[PDB]
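This text opens with one protein chain seen in two forms, each one given by itself as structure tokens under the names structure 1 and structure 2.
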Structure 1
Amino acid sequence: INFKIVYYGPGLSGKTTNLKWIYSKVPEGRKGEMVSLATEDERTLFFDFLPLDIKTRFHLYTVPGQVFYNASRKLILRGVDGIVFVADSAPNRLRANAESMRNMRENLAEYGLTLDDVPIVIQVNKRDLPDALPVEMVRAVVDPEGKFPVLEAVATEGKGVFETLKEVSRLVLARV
């Protein structure tokens, strides 16, 4: 039994950093190899991919976050079972957050899906930034009605990373 999880969000929000922390802590035996199609500055170009055990297999993907890469970002959303939306905490990236969530809903509507149709967890990432915004302000922009779990994170340090993944796993399972 196979599930696909897509880490979505604006450019540089920390989507790849999530899969890399996860990859570094999951033991050999319970993961496959991480694949990344990235430019030399290591920004993601097409996707990251990380297969793991939690029979049931979870295939974790990230999407490139640049606004002008929507065509490849939407291929990655095909058949998604659950989504982790990685929101950036930086003050100057708040509207980028909203644009990504709007873009997410639009891409999902091309497959005939609404945001109710797919489990979604908001991760508010980069809590370590000195000027970080309140969690609730970030959340009120990407999830005005608070319909979605929210979790805080510092992906470069692991904080929130596995708890975000268990949360979305939980929802994808409860969905069957």
Structure 2
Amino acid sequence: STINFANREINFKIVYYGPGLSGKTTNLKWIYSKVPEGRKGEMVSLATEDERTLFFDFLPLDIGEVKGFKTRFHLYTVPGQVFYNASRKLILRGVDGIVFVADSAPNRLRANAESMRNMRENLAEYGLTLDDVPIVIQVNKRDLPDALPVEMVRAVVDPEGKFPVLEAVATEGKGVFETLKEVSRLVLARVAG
């Protein structure tokens, strides 16, 4: 919700959250790869020895123009294994909607729950609960030979079925644009009404 009058843009921030290696970078890289050259900034990767953050912004093709303003989305993630919480907490500053990218691997079930607990904790620092921000779950890695049942994955990350759920194979693009359409429509929904 930072309004830029000078480029006449309204800006929305979408954070991909989830356990290390769940396919967040993959989501963002797939999306980036399909946005036309003149409608995207650079992909920015920031990294210290132990901390990381990846982000880019783009002008969605399918979004109108409330009284002369164009819509720019800013996609942010903390990719890789995490050793410190600070990047995760900071990534959430000014978030408008969240895609929780859950891993289908049975040896990642606990890390899914853990990552959802951490998201909740971090949102709580900004004074938000899980109801206060649109969240969509992507159960990624459906192509794993041991992939858990979606409903099992959802149960550890969304016990109450409060959030939409989509399946993905981010490496193949499958579920990637459906996921972003879903979160984007919930974001624009909440501003609108």
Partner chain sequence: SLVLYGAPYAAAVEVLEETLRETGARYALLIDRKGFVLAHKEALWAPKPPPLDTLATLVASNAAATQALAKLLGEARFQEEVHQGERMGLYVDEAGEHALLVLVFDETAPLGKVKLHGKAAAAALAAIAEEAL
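Reference numbering: structure 1, starting with residue 1. Only the largest set of C-alpha atoms that superpose within 1.5 Å between the two forms is called the rigid core.
Trainee: Have a look at both and say which one is the form deposited with its partner chain bound.
Mentor: Looking at both, the form deposited with its partner chain bound is number 1.
Trainee: Core aligned, does the CA of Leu129 move at least 2 Å between the two structures?
Mentor: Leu129 C-alpha, core-superposed: shift of less than 2 Å.
Trainee: Verify the C-alpha shift of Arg139 between the two structures: is it 2 Å or more after superposing the core?
Mentor: No: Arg139 shifts by under 2 Å between the two structures.
Trainee: Once the core is aligned, please say if the CA of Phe46 is shifted by at least 2 angstroms between the two structures.
Mentor: Comparing forms between the two structures, the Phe46 CA shifts at least 2 Å.
Trainee: So if we fit the rigid core, how much does the CA of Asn18 shift between the two structures, in Å?
Mentor: Its C-alpha shift, to one decimal, is 0.3 Å.
Trainee: With both forms put on the same core, how far apart in Å are the CA positions of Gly65 between the two structures?
Mentor: Once the two forms are fitted on their core, the shift reads 5.5 Å.
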